[PDB]
Ligand SMILES: *[C@@H]1O[C@H](CO)[C@@H](O)[C@H](O)[C@H]1NC(C)=O
Ligand SMILES: *[C@@H]1O[C@H](CO)[C@@H](O)[C@H](O)[C@H]1NC(C)=O
């Protein structure tokens, strides 16, 4: 029985969900318009 | 002696030079400007 993964105050699965220990990396990609007047 | 290739009236090397029998193919390549106002 894998009842170890629950959201109970006293469990280590609730500790990972309240505070995520692993960082999240987000890379913002943009688009640069080269011919702006020609689109008009 | 390869005196056969001369420009004498009576030779077949002068016939190739007066009138070139082999066609010449020329392909004209152009450049099209995509962002003309942005160069200005
Ligand atoms: C979790 O830990 C104890 C358990 O009773 C409690 O005192 C504490 O307030 C709880 N935390 C939250 C956010 O409920
Ligand atoms: C070549 O051929 C004869 C050779 O005498 C002559 O009548 C003719 O005029 C010559 N052609 C030219 C362009 O000189």
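Among the conditions (1) within 30 Å of residue B:33 (Cα to Cα); (2) surrounded by 10 or more Cβ atoms within 10 Å (Cβ to Cβ), the only one that residue A:5 does not satisfy is (1). Somewhere in the stretch B:20-35, is a residue at positive phi, surrounded by fewer than 10 Cβ atoms within 10 Å (Cβ to Cβ), more than 24 Å from the chain's Cα centre (by Cα) and not in a helix (DSSP H, G or I)? For the stretch B:20-35, residues at positive phi, surrounded by fewer than 10 Cβ atoms within 10 Å (Cβ to Cβ), more than 24 Å from the chain's Cα centre (by Cα) and not in a helix (DSSP H, G or I): absent.
Which residue pairs have Cβ atoms under 7 Å apart, sit 6 or more places apart or on different chains, and have a first residue in the stretch A:5-22 that is free of Cβ contacts under 8 Å to residues at least 60 places away in the same chain and away from chain B (no Cβ under 14 Å) and a second that is near ligand 1 (Cβ under 10 Å from one of its atoms) and in a helix (DSSP H, G or I)? The qualifying pairs are A:7/A:14; A:8/A:14.
Cβ coordinates were reconstructed from backbone atoms using ideal geometry, including for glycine residues, and neighbour counts include every protein chain displayed. Readers should treat all values here as calculations from the given coordinates under stated rules, not as data from a laboratory.
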